[PDB]
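Given as structure tokens, the chain that follows is alone and in the form solved without its partner chain.
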């Protein structure tokens, strides 16, 4: 029953390889006056191979139901367009936050990573992996909690976050997601990528071959988790073992986290998105 005429276009949020994203307002029904992001894709720009992908991307968001992953409200099509109605996130993104603070404190990082660990495990329980886990894809809501975007959802990319088995085209499993999580952790704490060369080729060679030089301002606990996430063999990596995410959750780095209070959004976030008068 849902169609494009049921949504008032306010402003265009962005545009790229995906399609065009608008900030829309629902005009009809129970959720009338509610704001959303409308992702529009033109069928003419999608090829026979690109068609199967978008299909799977909608087929994934329908299965996904987690507080730290973007919700698909509606999805519909026309003769030449494909629409996805998703959450509108006011809070911003980690990319914009990190580029502003330069580096986050251990306490800030611990919060974002704990929230992300729950979202990644949910995806892995459904047989889904996150192809491009970078800070551009981690949005923040009105309260300051994370929301993982759908751009990287799967059953090309930023090489700096790619695991050795992915650089070497050997396969993207859930273990490759725990490497990118370490890359993300490292970047948040140092303000620098762990593997970075003079160009893309040297960076990729270093992801495969370079020993990581651990900056010593990193706490003993942060260093232990990174060393364990940065194993070249994916079967040796933290999160690949018998208890999976419980290996990450039980790590000393996360010992101050209450995984129950964090899930229910009872833990106060590091950032809270957007008085003088006096009389006796």
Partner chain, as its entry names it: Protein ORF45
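By rigid core we mean the largest C-alpha set that fits within 1.5 Å across both forms. Numbering follows the first chain given and starts at 1.
Peer 1: So residue 216 is built in this one, but is it left out in a third or more of the other compared PDB entries that include its neighbours?
Peer 2: Other entries vs residue 216: none skip it.
Peer 1: For residue 57, does the count of other compared entries lacking it reach at least a third?
Peer 2: Residue 57: unmodelled in at least a third of the other compared entries.
Peer 1: With residue 274 and residue 275 adjacent in the shown sequence, let me know how many deposited residues between them lack coordinates: none, 1 to 3, 4 to 9, or 10 or more.
Peer 2: The entry has 4 to 9 unmodelled residues between residue 274 and residue 275.
Peer 1: Count, per the entry, the deposited residues between residue 169 and residue 170 that are not modelled, and return the matching class: none, 1 to 3, 4 to 9, or 10 or more.
Peer 2: Unmodelled stretch: none, continuous chain.
Peer 1: On mean Cα temperature factor in this entry, is 253-261 or 8-16 the higher one?
Peer 2: The recorded data point to 8-16.
Peer 1: Do the C-alpha atoms of 20-28 or of 265-273 have the higher average B factor in the entry?
Peer 2: Higher of the two, by average CA B-factor, is 265-273.
Peer 1: Tell me, please, which of 91, 135, 191, 194 has the highest C-alpha B factor according to the deposited entry?
Peer 2: Comparing C-alpha B-factors across 91, 135, 191, 194, the top value belongs to 91.
Peer 1: Based on the PDB record, which member of 101, 165, 187, 202 exhibits the highest Cα temperature factor?
Peer 2: The listed residue with the largest C-alpha B-factor is 101.
Peer 1: Looking at the C-alpha B-factor of residue 234, is it in the lowest, middle or highest third of its chain?
Peer 2: Ranked within chain, residue 234 CA B lands in the lowest tercile.
Peer 1: Looking at the C-alpha B-factor of residue 78, is it in the lowest, middle or highest third of its chain?
Peer 2: Residue 78: CA B-factor falls in the highest third of its chain.
Peer 1: Ranking every modelled residue in this chain by its Cα temperature factor as given in the entry, which third contains residue 243?
Peer 2: According to the entry, residue 243 has a C-alpha B-factor in the chain's highest third.
Peer 1: How does residue 123 rank on Cα B-factor within its chain, lowest, middle or highest third?
Peer 2: For residue 123, the deposited C-alpha B-factor lands in the lowest third.
Peer 1: With respect to C-alpha B-factor, does residue 117 fall in the lowest, middle or highest third of the chain as deposited?
Peer 2: Tercile = lowest for this residue's CA B-factor.
Missing here is the form solved in complex with its partner chain; even so, the following discussion is about that form.
Peer 1: I need to confirm a contact call. Of 35, 214, 240, 46, which residue comes within 4.5 Å of its partner chain in the bound PDB entry, counting heavy atoms only?
Peer 2: For this set of options, the contacting one is 214.
Peer 1: Let me know the one among 58, 250, 42, 232 whose heavy atoms come within 4.5 Å of its partner chain in the bound PDB entry, would you?
Peer 2: Among 58, 250, 42, 232, a heavy atom within 4.5 Å of its partner chain in the bound PDB entry occurs only for 232.
Peer 1: Using a 4.5 Å heavy atom cut-off, which of 25-33, 241-249, 219-227, 63-71 contacts its partner chain in the bound PDB entry?
Peer 2: Among the candidates, contact is made by 219-227.
Peer 1: Test of understanding: in the bound PDB entry, would residue 195 fall inside 4.5 Å of its partner chain by heavy atoms?
Peer 2: Residue 195: yes, in contact with its partner chain in the bound PDB entry.
Peer 1: Examine residue 187 and determine whether its closest non-hydrogen atom to its partner chain in the bound PDB entry is within 4.5 angstroms.
Peer 2: Answer yes; at least one heavy atom of residue 187 falls within 4.5 Å of its partner chain in the bound PDB entry.
Peer 1: In the bound PDB entry, does residue 200 have a heavy atom within 4.5 Å of its partner chain?
Peer 2: It does: once its partner chain is placed as it appears in the bound PDB entry, residue 200 has a heavy atom within 4.5 Å of it.
Peer 1: Within 4.5 Å, heavy atoms only: does residue 142 come near its partner chain in the bound PDB entry?
Peer 2: It does not: once its partner chain is placed as it appears in the bound PDB entry, residue 142 has no heavy atom within 4.5 Å of it.
Peer 1: Which residue, 41, 37, 226, 70, is displaced 2 Å or more at the Cα between this form and the one not shown after superposing the core?
Peer 2: The residue that shifts is 41.
Peer 1: Checking residue 191 here: with the core superposed, does its CA move 2 Å or more between this form and the one not shown?
Peer 2: Result for residue 191: no, shift under 2 Å.
Peer 1: Is it true that residue 104 shifts between this form and the one not shown by 2 Å or more at the Cα, once the core is aligned?
Peer 2: Result for residue 104: yes, a 2 Å-plus shift.
Peer 1: Aligning on the core only, does the CA of residue 21 end up 2 angstroms or more away between this form and the one not shown?
Peer 2: Yes, residue 21 moves 2 Å or more.
Peer 1: If the CA atoms of residue 86 and residue 44 move by 3 Å or more in the bound PDB entry, do they move toward each other or away, so closer or farther than here?
Peer 2: Closer is correct, given that in the bound PDB entry the C-alpha spacing of residue 86 to residue 44 is reduced by at least 3 Å.
Peer 1: Based on a C-alpha change of 3 angstroms or more, tell me if residue 16 and residue 137 lie closer or farther in the bound PDB entry than in the shown form.
Peer 2: Pair moves closer in the bound PDB entry.
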